[PDB]
Amino acid sequence: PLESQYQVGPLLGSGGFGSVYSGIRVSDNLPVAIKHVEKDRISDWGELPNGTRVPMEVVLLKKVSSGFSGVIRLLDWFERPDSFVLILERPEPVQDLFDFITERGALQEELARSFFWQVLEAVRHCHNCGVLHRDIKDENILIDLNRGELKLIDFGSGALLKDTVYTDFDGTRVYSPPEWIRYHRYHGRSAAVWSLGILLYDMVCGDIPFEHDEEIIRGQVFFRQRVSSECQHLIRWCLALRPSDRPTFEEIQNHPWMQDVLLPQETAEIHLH
Ligand SMILES: COc1ccc(-c2cc(N)[nH]n2)cc1
């Protein structure tokens, strides 16, 4: 079965998410990523339209895995006695946004605008599909270096999108909102906008704004790099302490800083090639 269908290459990475290997689909030589997740480590379980017991990650990936290239697509999955195996698409050449920022430093605003816009479109796709990611951050964003296209990865901390309060959270603390830190309660969309504010600051400053719980709660934004007034305004808006004071996705995309975005191919030509 799986073992004959795929040629296993080297280990790409491992962590909280499991172990991911580079691979090639034997039928058409297609580049793939093979992700292994131990059953004993899966806390959130769900069921497909048929009713098979699978990790929540598989449920969420199927709901979002269609035509749009802003989310990494689930090609297939397999159940083993003690693990689940996920076959994912693999761009080549690729680099995650964390590694990209680490190597190149703070991004030019034209580049951050293109990247941030693409993340916003990917998050809107997830929400339209009834999926909440819950771990939007530089490490969970892949850059397709040839096309200048960004892809969201790791739906392992995600949930089905709902309009009621969430009282559980297992994403990244430094990207978590003050309402979670203080009350252990948040609403999906406004918590997503907070994490987007953390991500934008990270792109234009080269590092995250807050380290400690006290800083998150105070929510005072200091700029360590030269950043335009419009970009600073948008960041401070996404990072409003009161969830109801944060912009909607529409308000972010209509912001003066978000106007005249480059197309992904133009972005690769100017900044990546
Ligand atoms: C280096 O290429 C990849 C490709 C895909 C992934 C991935 C996708 C999801 N949902 N988790 N991990 C990681 C690395």
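Worth a mention:
- Where strands (runs of 3 or more DSSP E) fall wholly inside segment 67-163, the ranges with 3 or more residues that are more than 24 Å from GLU38 (Cβ to Cβ) and within 13 Å of the ligand (Cβ to nearest atom) are 141-144.
- Among (1) in contact (Cβ under 8 Å) with a residue 60 or more places away in the chain; (2) over 15 Å from the mean Cα position of the chain (by Cα), the one test that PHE155 misses: (2)
- Close Cβ contacts (under 7 Å, 6 or more residues apart or on different chains) running from residues in segment 92-105 that are at negative phi to residues that are surrounded by fewer than 16 Cβ atoms within 10 Å (Cβ to Cβ) and among the small types (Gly, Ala, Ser) comprise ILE101/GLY206.
- Meeting the requirement of 3 or more residues that are in the same structural domain as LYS137 (by CATH) and β-branched (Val, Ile, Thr), the helices (runs of 4 or more DSSP H) wholly within segment 169-271 are 188-205.
- The residue pairs whose first member lies in segment 217-238 and is free of Cβ contacts under 8 Å to residues at least 12 places away in the same chain, whose second member is among the hydrophobic types (A, V, I, L, M, F, W, C) and surrounded by fewer than 16 Cβ atoms within 10 Å (Cβ to Cβ), and whose beta carbons are closer than 7 Å, counting only pairs six or more residues apart or on different chains, are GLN232/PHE223.
- Note on segment 116-164: residues that are of a type in the set (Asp, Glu) and either outside the structural domain of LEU262 (by CATH) or more than 19 Å from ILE208 (Cα to Cα) (or both) amount to 5.
- Subset tally (residues that are under 27 Å from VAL174 (Cβ atoms), among the polar types (S, T, N, Q) and loosely packed, with under 13 Cβ neighbours inside 10 Å) for segment 224-273: 5
- Annotation note: Cβ proximity below 6 Å between a residue of segment 15-43 that is in a loop (DSSP other than H, G, I, E, B) and a residue that is among the charged types (D, E, K, R) (sequence gap 6+ or interchain) occurs for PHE17/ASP154.
- Of all residues in segment 1-14, those satisfying the criterion of being without any contact (Cβ under 8 Å) to a residue 24 or more places away in the chain and in a strand (DSSP E or B) are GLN7, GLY9, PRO10, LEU11, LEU12, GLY13, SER14.
- Being over 30 Å from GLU149 (Cβ atoms) and not charged (D, E, K, R) is a property that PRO243 has.
- Restricted to segment 33-58, and to residues there that are over 12 Å from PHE84 (Cβ atoms) and under 19 Å from the mean Cα position of the chain (by Cα), the residue that is nearest to the ligand (Cβ to nearest atom) is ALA33.
- Taking segment 56-66 as the range and being in contact with a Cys (Cβ under 9 Å, 6 or more places away or on another chain) and either within 15 Å of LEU142 (Cα to Cα) or part of a helix (DSSP H, G or I) (or both) as the test, the residues that pass are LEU60, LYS63, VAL64.
Numbers and lists here come from the model and the stated rules, or from a named source; nothing here is a laboratory result. Cβ atoms come from the backbone with ideal geometry, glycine included; neighbour counts cover every protein chain shown.
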